[PDB]
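To keep things clear, I will list the structure first and then write my remarks on it.
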Amino acid sequence: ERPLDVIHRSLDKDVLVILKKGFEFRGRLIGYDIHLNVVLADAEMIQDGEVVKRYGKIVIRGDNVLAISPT
Amino acid sequence: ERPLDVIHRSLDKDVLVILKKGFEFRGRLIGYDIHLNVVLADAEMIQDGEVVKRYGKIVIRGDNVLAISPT
Amino acid sequence: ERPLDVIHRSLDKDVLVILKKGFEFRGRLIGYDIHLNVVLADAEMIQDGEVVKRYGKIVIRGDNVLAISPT
Amino acid sequence: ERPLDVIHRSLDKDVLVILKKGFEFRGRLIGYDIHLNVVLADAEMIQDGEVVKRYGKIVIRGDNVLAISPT
Amino acid sequence: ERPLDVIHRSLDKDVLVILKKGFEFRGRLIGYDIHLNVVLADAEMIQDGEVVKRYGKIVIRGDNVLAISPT
Amino acid sequence: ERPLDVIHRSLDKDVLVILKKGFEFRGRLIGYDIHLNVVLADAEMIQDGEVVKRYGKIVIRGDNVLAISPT
Amino acid sequence: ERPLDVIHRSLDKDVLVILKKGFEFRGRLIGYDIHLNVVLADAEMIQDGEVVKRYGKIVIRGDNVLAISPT
């Protein structure tokens with residue numbers, strides 16, 4: 001039920017990573033660490049519902065993260 | 001009585017998570033950790049009084065939190 | 001005379017929690033921890049000298065706190 | 001003379017606590033901790049040399065402090 | 001694949017380092033540390049899609065990094 | 001010449017403390033600590049080149065400092 | 001070539017220190033510490049490509065640094 005528990009079971013699952021600034025990243029979670037830094041495969045940066053960029057793989061730093069939700 | 005006791009007593013209960021933006025989340029509290037990162041189930045993001053997003057489950061990082069209130 | 005001493009003496013007493021914003025919370029202090037996260041019961045959120053919201057119980061994170069004054 | 005030495009020497013004396021705002025608190029220093037959180041007695045919040053609020057006692061968090069000057 | 005595994009695997013490979021302020025750096029990853037500070041060789045600062053500077057080598061601090069993507 | 005070595009040697013001497021706020025402090029360095037908090041005597045707060053405030057003694061928190069230059 | 005190795009090798013060499021507001025410092029690196037605080041000799045503060053100030057010696061706190069590049 002804890003924050004890390006949820007992230008753990010989202011491995012290989014699609015997730016939404018909400019950033020503090022105002023945009024988001026969506027992709028398949030393939031890794032993470034205790035600081036909540038995360039690694040996404042086949043990711044897309046989203047802004048106002050529009051897919052702006054895509055990455056084969058991206059490591060996001062948890063300090064910028066507002067929230068993470070298994071979609 | 002302490003911050004963590006209150007959060008612990010609110011498991012499985014509706015709570016309000018106020019962010020440093022007059023921006024908030026409301027949902028059922030299902031998990032948390034010592035950094036005050038929290039996990040809500042059946043959540044909704046509220047902006048200026050209205051629902052702008054919904055999540056089956058969402059992990060919110062405590063560093064962005066202003067306050068949490070059991071509802 | 002130390003910060004935590006003053007906070008401890010304020011338990012079950014009315015306090016003012018000033019945030020950086022012109023915003024503040026006023027309520028009965030019922031708990032706290034070493035990081036200055038505090039719990040208020042029968043609380044009010046004040047914006048520019050006016051009550052904009054009320055809460056039965058609220059946990060406020062010390063990281064957003066400018067000062068706390070026992071009333 | 002170390003920052004901590006100066007603060008210690010200002011106990012029970014009047015001091016100016018400058019905030020990263022243009023705002024400041026002025027009052028009698030009655031306590032402090034290693035993080036530079038400080039407690040003031042018979043304190044006032046000042047803006048451009050004018051009193052905007054008064055406090056019998058107030059705990060100010062060091063994280064928001066720019067500087068402290070004993071007067 | 002944990003964050004550090006991906007970064008390690010990217011040594012001598014091309015990477016995109018996105019900073020919290022809209023701009024990015026691109027170059028060959030030649031070094032890094034546990035804080036996610038990174039060293040890029042033959043790097044390019046990019047703003048809105050325009051290369052504005054080139055560096056033989058450049059050390060970027062992880063505290064300002066939003067994300068890192070092995071291209 | 002490590003950062004701290006340069007500071008220690010400026011004891012009793014005139015220094016310029018540049019803040020990440022657009023202004024600076026100038027005065028005689030009479031103390032400091034490992035966090036780069038510093039104490040200045042006969043200090044002058046300078047803004048846009050003009051002295052806008054003067055202090056007999058002032059403790060400046062290092063977290064708001066951009067740089068320190070021994071004049 | 002981790003971050004610190006690169007900085008070490010730049011001792012007594014010209015370096016560019018990029019800051020967060022379109023500001024930068026250029027000078028000869030003569031000292032540094034593990035926090036990436038750095039000391040520069042014969043330094044210039046540059047704003048949007050224009051030299052606005054000069055310092056015989058200056059200690060720059062690493063917390064404000066975005067990047068460092070040996071010239």
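Ordering of the structure tokens sets the chain letters (A, B, ...); residue numbers start at 1 within each chain; ligands are numbered from 1 in the order shown.
Using only C-alpha atoms, the residues found no farther than 8 Å from residue 13 in chain E, other than those of its own chain fewer than 4 positions away, are residues 28, 29, 30 and 70 of chain E.
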Who sits within 12 Å of range 6-11 of chain D, only C-alpha atoms, same chain under 4 positions skipped, as a ChimeraX atom specification: /C:1-2 /D:1-2,15-17,27-41,67-71 /F:30-33,37-41,57-60
As JSON, numbers by chain, which residues of chain D does DSSP assign to helix (DSSP H, G or I)? {"D": [3, 4, 5, 6, 7, 8, 9, 62, 63, 64]}
Between CA of residue 43 in chain E and CA of residue 12 in chain G, what is the spacing in Å? 22.6 Å
Could you give me, as a CSV table (one decimal) with C-alpha atoms, in the first residue's frame, the residues within 9 Å of residue 53 in chain G, counting only C-alpha atoms and dropping anything in the same chain fewer than 2 positions from it?
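Writing the result to part_27.csv gives the following:
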```
chain,number,residue,atom,x,y,z
G,43,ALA,CA,37.2,36.4,-13.0
G,44,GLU,CA,34.5,38.2,-15.0
G,45,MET,CA,30.8,38.1,-14.3
G,46,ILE,CA,28.9,37.9,-17.6
G,51,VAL,CA,31.0,41.6,-19.1
G,55,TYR,CA,37.0,40.1,-9.5
```
